[PDB]
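Colleague:
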Amino acid sequence: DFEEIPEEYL
Amino acid sequence: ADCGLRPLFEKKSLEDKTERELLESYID
Amino acid sequence: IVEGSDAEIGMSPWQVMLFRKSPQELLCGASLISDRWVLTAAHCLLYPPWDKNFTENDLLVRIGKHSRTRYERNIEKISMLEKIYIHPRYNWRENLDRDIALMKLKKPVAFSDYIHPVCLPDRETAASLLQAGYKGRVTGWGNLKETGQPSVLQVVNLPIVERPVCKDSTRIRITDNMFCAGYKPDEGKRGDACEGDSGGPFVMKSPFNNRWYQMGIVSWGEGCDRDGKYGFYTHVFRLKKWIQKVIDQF
Ligand SMILES: N=C(N)c1ccc(CNC(=O)[C@@H]2CCCN2C(=O)CNC2CCCC2)cc1
Ligand SMILES: *[C@@H]1O[C@H](CO)[C@@H](O)[C@H](O)[C@H]1NC(C)=O
Ligand code: NA
Ligand code: NA
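Chains as they are written, first to last, in UniProt numbering: chain W, 62 to 71; chain U, 334 to 361; chain H, 364 to 510, 518 to 620.
As structure tokens, then:
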């Protein structure tokens, strides 16, 4: 399960 | 041109645990 | 990677994760060959039989990674695609001949302890290192076995295999733009790439200048780590002229 990446990466 | 030289290994003259196995296979 | 080991920190600083935006998932592996160019397999983006056809906005490239899932804060860089360039004669219809693609980054990625580009061979690098019995290294976040997922980047060293043994292992039509690698049943040792490893690099360390060169690209195989079966890799030098062309004109 993948951890959320920062929003700026969209 | 700086390629293929890894900061945490070749740049500091350190070897990783299995590179010598590659080297021993290169018998020429 | 099947029957490999946990990589070390910064052991494969060229290692790139092809990541899918929505749903957030691993797409494939890839390699960093300059601060603006990333190499992978064409099938990672285009594979009509499966309805695979990604464009630039479908994905991100993640560099400097080690753990598969975690967001490695202050370590990885996540880059956006400006443009995808797939080999014009890539043969997804029959045998994945010419399984190779280039991807241009929107901005340059900064090098670091964990992020560094690998070299591409020239004719002599190839000729001196693409020899049966010489071992290369394959790395990846793919399946741990043919039929779970690893917590951290995996690595395995595998011997290049003689062309006829490669041909005699499969019904598929093998070309000059591929090679196979893997241990024979009689050698005892094990290891292969597997699904999820696609597009990642096959590298070797030259004993001449002590630099790492990407000789291959994970492209295909029959199962994973199957006795009497070998992994097939894109011959990177054989397609060098095309890599230069694309780099040259874009
Ligand atoms: N034994 C391994 N080293 C290995 C196994 C599977 C992969 C992932 N590659 C794939 O599965 C590729 C992409 C789409 C067609 N495909 C398949 O392998 C399908 N069988 C192929 C079709 C062309 C000739 C043989 C990559 C590596
Ligand atoms: C792949 O997708 C693009 C648009 O997503 C489309 O133009 C192209 O025809 C599709 N298939 C092929 C073989 O390129
Ligand atoms: Na055959
Ligand atoms: Na095998």
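Cβ coordinates follow ideal geometry from the N, Cα and C atoms, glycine included.
How would you write the range of the alpha helix (DSSP H) that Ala-489 of chain H sits in, first residue to last?
Modeller: 486-492
Colleague: Buried or exposed: where does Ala-490 of chain H fall if 16 or more other Cβ atoms within 10 Å of its Cβ makes it buried?
Modeller: exposed
Colleague: Look up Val-616 of chain H in the DSSP assignment and say whether it is helix, strand or coil.
Modeller: helix
Colleague: To the nearest angstrom, report how far apart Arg-353 of chain U and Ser-346 of chain U are at their CA atoms.
Modeller: About 13 Å.
Colleague: Compute the Euclidean distance between the alpha carbons of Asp-361 of chain U and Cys-536 of chain H, then round it to the nearest angstrom.
Modeller: 22 Å
Colleague: Can you determine whether any heavy atom of ligand 2 sits closer than 6 Å to the C-beta of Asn-416 of chain H, and answer yes or no?
Modeller: yes
Colleague: Three or more beta-carbon pairs under 8 Å between the region 424-437 of chain H and the region 466-481 of chain H, yes or no?
Modeller: yes
Colleague: Who are the Cβ neighbours of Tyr-497 of chain H in its own chain at under 6 Å, not counting the five residues just before and after it?
Modeller: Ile-530
Colleague: Can you give me the C-alpha to C-alpha distance between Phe-578 of chain H and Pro-571 of chain H, rounded to a whole angstrom?
Modeller: 20 Å
Colleague: Can you tell me which residues form a DSSP beta bridge with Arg-383 of chain H?
Modeller: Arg-383 of chain H pairs with H:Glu-388, H:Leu-422.
Colleague: Using a threshold of 7 Å, state whether the C-beta atoms of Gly-392 of chain H and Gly-503 of chain H are closer than that.
Modeller: yes
Colleague: Given that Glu-65 of chain W touches chain H, what residues does it touch there, using C-beta distances under 8 Å?
Modeller: Residues of chain H whose Cβ lies closer than 8 Å to the Cβ of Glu-65 of chain W are, in chain order, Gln-387, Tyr-434.
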